[PDB]
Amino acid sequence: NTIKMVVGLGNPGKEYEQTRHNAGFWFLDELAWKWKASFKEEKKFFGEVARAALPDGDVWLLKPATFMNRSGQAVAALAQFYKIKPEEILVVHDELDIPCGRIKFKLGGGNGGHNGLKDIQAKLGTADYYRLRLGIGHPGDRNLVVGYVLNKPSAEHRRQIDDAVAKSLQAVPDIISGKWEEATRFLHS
């Protein structure tokens, strides 16, 4: 198959475990569940890794423990050990420009100021990796953005985000076999 590694973004520690900026982590903890994988700390990859058993080829799951703006250090290390190209990687992140429970998909392109995406583009040497974008909404002024992502959504949007990841979990066969148009048409409904 295609896409060899799936990455979830977040900050480490329990003081960040419930914040919006950890939405990627929330997806991965459930994607691991779908594939019966478990997490082990790999120091050499700077994070927690999991092997996902698939008939067409194993898929690696990674949550970096680098802090967000150093996320690329973990991604580049994993792709280094197992010889994985940028276009064979999917990264799951929070997306302000769409509201809670919306979900959108693209390959490469702009990052919308995300500090994790920034470092991953910096360390892989290109923007050309796949992104699963999870809506978390946005405040009124973007001078407020940093404080917004570092806080709990809670209640309604947490439920809408769980629905978001549930609906994202059904598109993964087409994502991994590589059917961009198919998964993109399923997700944008």
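For every residue, the number given is its place in the sequence shown, counted from 1.
- For the pair 103-111 and 76-84, the record assigns the higher mean C-alpha temperature factor to 103-111.
- Per-stretch averaging of Cα B factors for 21-29 and 176-184 places 176-184 on top.
- Set against one another, the Cα B-factors of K36, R159, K43, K123 in the record reach their highest point at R159.
- Among all modelled residues in its chain, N69 ranks in the lowest third by Cα B-factor.
- Looking at the C-alpha B-factors along this chain, the one for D163 belongs to the highest third.
- Placement of the Cα temperature factor of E48 within the chain: lowest third of the modelled residues, per the deposited record.
- Ranked within its chain, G135 lands in the lowest third, by CA B factor from the PDB record.
- Among the modelled residues of the chain, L61 sits in the lowest third by CA temperature factor in this PDB entry.
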